[PDB]
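Student: Everything below, folded, please.
(chains A and B)
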Amino acid sequence: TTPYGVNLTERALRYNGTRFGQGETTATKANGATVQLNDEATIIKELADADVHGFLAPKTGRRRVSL
RNA sequence: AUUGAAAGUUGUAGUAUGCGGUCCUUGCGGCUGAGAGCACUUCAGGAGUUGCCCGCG
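Tutor: Numbering: from 1, shown residues only, chains lettered A, B, ... in the order given. Sharing the structure here:
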């Protein structure tokens, strides 16, 4: 509902949320925007579900537990 | 931020459809609350009494 809802993963719209893995290192937003996963700052800036529920990036670590 | 971190044991599904507690059946026939019976027997409205008293068509 909020206008800031663009910053969400495509998985979230489908009620997914496995949140990537070894074979995945690029995040696709709702509009299909490429997001890199080197650092947690950009991950939580460009994605909202990963900010609050955490995520997992085994290639580069950056583990974030859910709040 | 604990060998923990990400995670629906998930989504769709009628015990459902038709099936008479049914058809016949007298609470039926006979039956005296009847026969006997004095509101009878005794009885005065009774005993006293001046329409009373005066009189010129």
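Student: Quick check: residues of chain A near RNA strand B?
Tutor: Residues of chain A lying near RNA strand B by Cβ under 7 Å from any atom of the strand: A:15-19, A:21, A:53-56, A:63-67. Any C-beta I mention is one placed from the backbone N, CA and C, and that applies to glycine too.
Student: Which positions in the longest helix seen in chain A come out as buried?
Tutor: Assignment by DSSP state H gives helix A:40-46 as the longest helix of chain A. Buried positions in helix A:40-46, judged by neighbour count with 16 or more other Cβ atoms under 10 Å: A:40, A:43, A:44, A:46.
Student: can you check stretch A:27-43 too?
Tutor: Going by neighbour count (16+ other Cβ under 10 Å), the buried part of stretch A:27-43 is A:27, A:29, A:35, A:37, A:40, A:43.
Student: Now the terminal residues of it, how far apart.
Tutor: With Cα to Cα, to the nearest Å as the measure, stretch A:27-43 spans 9 Å from end to end.
Student: who touches that stretch?
Tutor: Identification of contacts with stretch A:27-43 by Cβ atoms under 8 Å, 6 or more residues apart in numbering yields A:5-10, A:13, A:20, A:25-26, A:46-47, A:50-51, A:55, A:57, A:59-60, A:62, A:64.
Student: Off-centre distance for stretch A:21-36?
Tutor: Offset of stretch A:21-36 from its chain centre (Cα atoms, centre = their mean, to the nearest Å): 7 Å.
Student: If you could redo that for stretch A:59-67, that was the one I meant.
Tutor: Remark: stretch A:59-67 is offset 11 Å from the chain centroid, using Cα atoms, centre = their mean.
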